[PDB]
Asker: 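Below is a structure I'd like to ask you about.
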Amino acid sequence: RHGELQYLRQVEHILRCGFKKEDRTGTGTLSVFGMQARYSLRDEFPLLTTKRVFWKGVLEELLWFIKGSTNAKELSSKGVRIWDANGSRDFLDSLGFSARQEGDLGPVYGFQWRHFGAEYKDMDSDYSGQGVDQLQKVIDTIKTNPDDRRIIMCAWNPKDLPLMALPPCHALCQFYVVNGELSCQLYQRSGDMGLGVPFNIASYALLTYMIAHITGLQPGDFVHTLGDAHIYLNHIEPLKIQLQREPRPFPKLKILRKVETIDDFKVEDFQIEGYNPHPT
Amino acid sequence: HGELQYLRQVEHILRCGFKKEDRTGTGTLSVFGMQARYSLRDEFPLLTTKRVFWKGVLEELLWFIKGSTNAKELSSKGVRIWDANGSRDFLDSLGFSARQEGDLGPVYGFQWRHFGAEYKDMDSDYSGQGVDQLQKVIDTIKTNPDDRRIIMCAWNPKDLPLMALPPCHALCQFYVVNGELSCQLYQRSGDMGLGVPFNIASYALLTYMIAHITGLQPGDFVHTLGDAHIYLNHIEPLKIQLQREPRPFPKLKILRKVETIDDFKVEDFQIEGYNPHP
Ligand SMILES: O=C1OC(c2ccc(O)cc2)(c2ccc(O)cc2)c2ccccc21
């Protein structure tokens, strides 16, 4: 009943029953369409243990989303370089974004979360007060109407898709409250089980911890829903080895001071305790 | 039998759901996060343990497809499910007193065909405005079946204040493998007793239509729920329905070759072998 066994069973399922299917580069995957897992957030934190997850990247990326940044260099300057290739001069040129400064990802996550529907110009523009601040709306609704069934933050913006260096893999999420507990469901249109999915689970579990903290609630569940769940073909043999490792008890996530607004969270406010992932 | 997934979801909520009130303070039993997979392969998942309103399923979907946001254009087909949301007493509730009766605001039909366009009223001409997500999905399926971004999203944060009701069916995603077209719906709120069987039929039908248009075979319909709930007044009726054994699903037949999604008509469809319980 360790929560990571769900993830292992999803990987096993794709290895056994997935179909060969290729991505935009013509590279092969094994793929299943439509999966779901539930990770409890109650006195533990689902940071996967059968292979180490880049927690520093999880935390800094989420803080970067929250402040609305679309500059890959603003994340890279924290030592987190996962978005840098998508803002490179050559990649941006290949998409027709010649006039963009290097690092300008377009209206990706942070912009849609804080300024949905505003007109994007570039990554250095001031978007204060423009568009729908979905993130603060979710927090507001949780505080005042926890029964609400419309508590959604949606990064999928069909109008803005052509401007993005990458359309969001995490298309939308929904929050839910019962019994003083805050839950979150992510709709992820595409998930690389080997590398991306563990990171994305941590990301939305952390966001739920953050929002629960500032709304006075306790973390409940993170429900992970996938569209195209896939394993790259050259990852099959390492994953078969990983699948025979027993999960170690999940770590705990501690928030080290009372924080009042989502914008006030800082990297030093968080401590992962007892994280003991299997080595690679 | 694929209907057993639905029955076990109902059973789970009656067993493990928590009491949770809705907008009207009326009580439900609720579970957050559920998923079921309904095969579309040589059968159609129109539930059999209780009759589903198939004519309403089909006419509502045709109404979405032509982009209408006028409940009176659907009611004129004898399908009244949207009429209350467009009534003058309900629009006034939401501060929409200057709005014509029947004007639902920028709901499914507008978002599917004109996402991002500026809504005015249900009588406006939106030709060529906004993103036609429906046609874009069909195009991408035809040209890039491997695409992992084949999404139609009715959830529009900018337009929510203008809507008579924000979409329960927030988005759906299509997927192609082995010549088969699948569809996954993200439904943020599901009334298991009254709404969900209708909703399953709707998106299974959309998948049959797009598969027909694109030369593919229907695959799976994957139903994902947020707040899956049962109104307390429905508990004993569902408890009886849970005792009913499902009959084999009917088949859906498309009676002619249709070239575009806009060309489908009610007469093109025939449900074969539908034998539901009362
Ligand atoms: O470069 C990285 O992108 C990943 C990532 C995903 C979502 C996100 O929001 C941020 C990053 C990713 C992993 C696998 C993929 O197939 C594509 C991307 C990732 C996870 C962990 C470590 C590095 C990376």
Side-chain angles (χ1 to χ4, degrees), chain A residues 7 10-11 14 18 21-32 35 46-88 91 103 105-114 135 153-157 164-173 184 186-208 210 222 224-236 238-239 242 272 275 277-278 280, chain B residues 146-149:
Chain A
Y7 165 84
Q10 292 184 326
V11 170
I14 295 156
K21 181 176 186 273
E22 311 196 336
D23 71 5
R24 297 183 87 69
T25 69
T27 305
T29 71
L30 299 181
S31 162
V32 169
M35 307 191 97
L47 195 60
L48 296 204
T49 67
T50 58
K51 185 179 187 289
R52 179 179 290 281
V53 181
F54 183 34
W55 170 253
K56 173 187 177 60
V58 176
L59 179 51
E60 294 282 10
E61 190 200 44
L62 186 51
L63 295 168
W64 173 76
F65 290 158
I66 285 167
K67 58 192 176 172
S69 168
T70 61
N71 189 352
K73 294 186 168 181
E74 187 167 357
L75 177 63
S76 191
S77 75
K78 315 293 182 173
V80 173
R81 327 197 141 80
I82 66 190
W83 281 89
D84 289 357
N86 286 108
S88 75
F91 189 83
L105 301 165
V108 291
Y109 289 103
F111 183 87
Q112 302 299 338
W113 280 12
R114 306 316 298 269
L135 181 49
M153 182 162 67
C154 183
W156 195 262
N157 185 339
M164 303 180 183
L166 213 173
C169 292
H170 327 121
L172 69 68
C173 57
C184 172
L186 168 67
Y187 186 84
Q188 174 169 358
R189 67 175 176 73
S190 172
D192 180 347
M193 300 292 290
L195 181 45
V197 163
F199 190 103
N200 309 133
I201 294 159
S203 183
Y204 281 84
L206 166 63
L207 175 67
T208 306
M210 289 178 180
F222 170 60
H224 187 220
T225 295
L226 282 165
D228 186 336
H230 53 268
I231 290 164
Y232 279 88
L233 295 177
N234 68 332
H235 297 158
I236 288 152
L239 276 176
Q242 186 182 336
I272 289 279
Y275 186 43
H278 287 266
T280 293
Chain B
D146 291 338
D147 197 274
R148 311 204 280 217
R149 318 152 170 202

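Convention: sequence-line order gives letters A, B, ...; per-chain numbering from 1. Counting starts at 1 for both ligands and their atoms, in listed order.
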Asker: If the plane angle is over 60° it's perpendicular, under 30° parallel, otherwise tilted; pick one for A:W83 and A:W64.
Answerer: tilted

Asker: Will you find, in the side chains of A:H170 and A:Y187, an N or O donor that is under 3.5 Å from an N or O acceptor?
Answerer: no

Asker: State which residues pass ring-ring contact (aromatic ring centres under 6.0 Å, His included) with A:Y232; sequence neighbours excluded, sorted by chain then number.
Answerer: A:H230

Asker: Quick check: closest heavy atoms across A:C184 and A:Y204, and the distance to 0.1 Å?
Answerer: SG-CD2, 4.3 Å

Asker: Between A:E74 and A:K67 (salt bridge meaning N to carboxylate O under 4.0 Å), is one present in this structure?
Answerer: yes

Asker: What does the 4.0 Å heavy-atom contact list look like for ligand 1?
Answerer: A:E61, A:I82, A:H170, A:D192, A:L195, A:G196, A:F199, A:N200

Asker: Going by an N to O cut-off under 4.0 Å, is there a salt bridge joining A:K21 and A:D228?
Answerer: yes

